[PDB]
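**Student:**
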Amino acid sequence: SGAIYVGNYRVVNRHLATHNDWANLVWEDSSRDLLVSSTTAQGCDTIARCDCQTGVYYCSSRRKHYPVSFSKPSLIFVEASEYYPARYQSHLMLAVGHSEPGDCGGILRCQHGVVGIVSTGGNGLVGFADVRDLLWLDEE
Ligand SMILES: Cc1nccn1-c1cccnc1
Ligand SMILES: [Zn+2]
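Using UniProt numbering, you'd call the opening residue of the sequence shown number 869 and step up by one each time.
Now the structure itself:
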C-alpha cells in the first residue's frame, strides 16, 4: 500500500483504489495502474520533473529503502498479474530489486521529488508507475 499526496490530490495504484477514491475521482488509467482522487487537506509530496534514472524506493516487504537505477517510462508485458488483468502496462519503469504485491504504492524518489510508485514485481525486478509526465498534479 501507499499513496502520493501532492496538493489536493491522492495518487494510488488503480487496483488499490477505495470506494472513496472512486467517489472523488479526478483521473484513472488502467493501462498505467494509476488513479487520482481529491483530498480535503494539502499533501507533503513534490513531484519530480526530470528524466532521472537513479533514485531510491521504499520496499514494505523489507522495511527498507533501496537505491536503484531504473529504465525510462515505457510499455511492458507483465506476467501472471494477480491484482489486475496480467498483460501490457504503460508508463512503467523497471529496476533490479525486490517487489511483492503488497509493496505496491511505495514511493520511488530522485533528487527532484517523487518519480512514481511501485506497481509490479517478479524475478528480482520491481516496476514503478511513472507520474512525472502528469504536470497537472502541480496545479488546480
Ligand atoms: C517485475 C516486472 N514488471 C514488469 C516486467 N517485470 C519483469 C520482467 C522480467 C522478468 N520478471 C519480471
Ligand atoms: Zn529527478
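C-beta: ideal position from N, C-alpha, C; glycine also.
Kindly indicate which residue of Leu1002, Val983 and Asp998 has the alpha-carbon position closest to the one of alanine 916.
**Tutor:** The residue labelled residue 916 in the question sits at position 48 within the sequence shown. Ranking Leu1002, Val983 and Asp998 by Cα distance to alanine 916 puts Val983 first.
**Student:** Is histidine 959 near ligand 2, judged by its Cβ being under 7 Å from some heavy atom?
**Tutor:** Position 91 of the sequence shown holds residue 959. No - ligand 2 has no heavy atom lying nearer than 7 Å to the Cβ of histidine 959.
**Student:** Which of helix, strand or coil does DSSP assign to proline 969?
**Tutor:** Mapped onto the sequence shown, residue 969 falls at position 101. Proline 969: helix per DSSP, three-state reduction.
**Student:** Hey, would you say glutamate 896 sits closer than 8 Å to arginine 878, going by beta carbons?
**Tutor:** Locating residue 896 in the sequence shown gives position 28, where the first residue counts as 1. Locating residue 878 in the sequence shown gives position 10, where the first residue counts as 1. Not a contact, by the Cβ cut-off of 8 Å.
**Student:** Is the segment 956 to 965 close to the segment 983 to 995, with three or more CB pairs under 8 Å?
**Tutor:** Output reads yes: the segment 983 to 995 touches the segment 956 to 965.
**Student:** Secondary structure at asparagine 888, three-state DSSP: helix, strand or coil?
**Tutor:** As a first step, residue 888 must be located in the sequence shown, where it is residue number 20. Helix.
**Student:** Evaluate the contact criterion for the segment 918 to 929 versus the segment 961 to 968: three or more CB pairs, one atom per stretch, below 8 Å.
**Tutor:** These segments touch.
**Student:** According to DSSP, is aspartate 998 helix, strand or coil?
**Tutor:** Stepping through the sequence shown from its first residue, residue 998 is reached at position 130. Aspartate 998: strand per DSSP, three-state reduction.
**Student:** To the nearest angstrom, report how far apart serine 905 and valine 999 are at their CA atoms.
**Tutor:** Against the sequence shown, residue 905 aligns to sequence position 37. Against the sequence shown, residue 999 aligns to sequence position 131. Going by the C-alpha atoms only, they are around 14 Å apart.
**Student:** Identify every run of the beta strand (DSSP E) within the segment 900 to 959, keeping only runs that are complete inside it and at least 3 residues long; order them along the chain.
**Tutor:** Taking only runs of at least 3 residues, the beta strand (DSSP E) segments lying wholly in the segment 900 to 959 are 902 to 906, 922 to 927, 932 to 937 and 942 to 944.
**Student:** Just to check, is the beta-carbon of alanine 916 closer than 7 Å to a non-hydrogen atom of ligand 2?
**Tutor:** Counting from one through the sequence shown, the residue named residue 916 turns up at place 48. The answer is yes for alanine 916.
**Student:** In terms of alpha-carbon separation, which member of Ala963, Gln979 and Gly974 lies closest to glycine 992?
**Tutor:** Numbered from 1 along the sequence shown, position 124 holds the residue referred to as residue 992. The residue with the shortest Cα to Cα distance from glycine 992 is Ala963.
**Student:** Figure out for me which residue from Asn876, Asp1001 and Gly870 has the closest Cα to the Cα of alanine 909.
**Tutor:** For the purposes of this step, residue 909 is identified with residue 41 of the sequence shown, where counting begins at 1. The candidate whose alpha carbon is nearest that of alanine 909 is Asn876.
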